[PDB]
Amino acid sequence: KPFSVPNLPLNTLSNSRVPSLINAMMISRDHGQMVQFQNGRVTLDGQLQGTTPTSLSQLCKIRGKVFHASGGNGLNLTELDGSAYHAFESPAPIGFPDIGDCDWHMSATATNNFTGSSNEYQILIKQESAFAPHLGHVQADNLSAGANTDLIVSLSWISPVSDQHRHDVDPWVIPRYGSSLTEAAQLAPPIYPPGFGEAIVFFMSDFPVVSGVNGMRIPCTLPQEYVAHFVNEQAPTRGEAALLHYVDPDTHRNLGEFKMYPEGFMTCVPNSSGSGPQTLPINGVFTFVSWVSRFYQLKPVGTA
């Protein structure tokens, strides 16, 4: 299989960290020096990493059996298909949200004999001591479902930590999957802008975020539909970087040069400390040009 990227306009594709349409590209010197997102993580040759699903249907979802304990109610986690989650292996079940150091307001439904609004639960997952998805359990506040009830849970909105240790939401940080007790195993690796003057390209989507450092915006490193594409093709990586053009869909005019690294993320060079890809139209298409050296100097993108 020759390497390719989807011929789909960027603004028809999803964020890989929340189920929301991409509406912007951005670079961030402050937040973009190192990222370790666990969702939207895949190699150019199709190797899934972290908690990354193939399908958006699994993204920002939790499944578990309800427990009632002295310390609070919560979920003994399963995979979304109900199959057993193997603790102390993956950071969390596949599709588990990777937005750290904030409150998750979520919606849960009974997977068995759903009768209506009494089988829908608005719950709050805090990232405190009892948040231990790597050990196979999280505590949920305002969870009234009976013990051993099987629940599928969707992320509704995120807000600053209940315990008031910070007053804003940083979507650039990932959860402590093993709580204070352990670093989680099989984390997708840290990513850094590799090349000369290069900045990691973040695909931005709007999401209900209370007091976001970037407002109601969530960054990711790859459109979700790109993940399914790479997992499908399993195309061999034949060079150090894939040179892409971001092209006008109608004229095929090259609007900018980007490098995709084997680690499954994309860089650009901004125009003399400009906003880089932020000023580009969002209806464009990425197109594979050739395999290039990691040293390949990208022509600056965007306005000065």
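Note that residue numbering follows the sequence shown and begins at 1.
- With 201-209 and 84-92 compared on mean CA B-factor from the PDB entry, the stretch scoring higher is 84-92.
- Of the two stretches examined, 221-229 and 174-182, the record assigns the greater average C-alpha temperature factor to 174-182.
- Looking at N39, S57, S28, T43, the one whose CA carries the top B-factor in the deposited record is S28.
- The entry lists C-alpha B-factors for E120, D103, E79, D98, and the highest of these is at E120.
- The deposited CA B-factor of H252 belongs to the highest third of values across its chain.
- Sort the modelled residues of the chain by CA B factor and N271 lands in the highest third.
- Ranked by C-alpha B-factor against the other modelled residues of its chain, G239 falls in the middle third.
- In the PDB entry, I62 places in the lowest third of its chain by CA B-factor.
- The PDB entry assigns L187 a C-alpha temperature factor belonging to the highest third of its chain's modelled residues.
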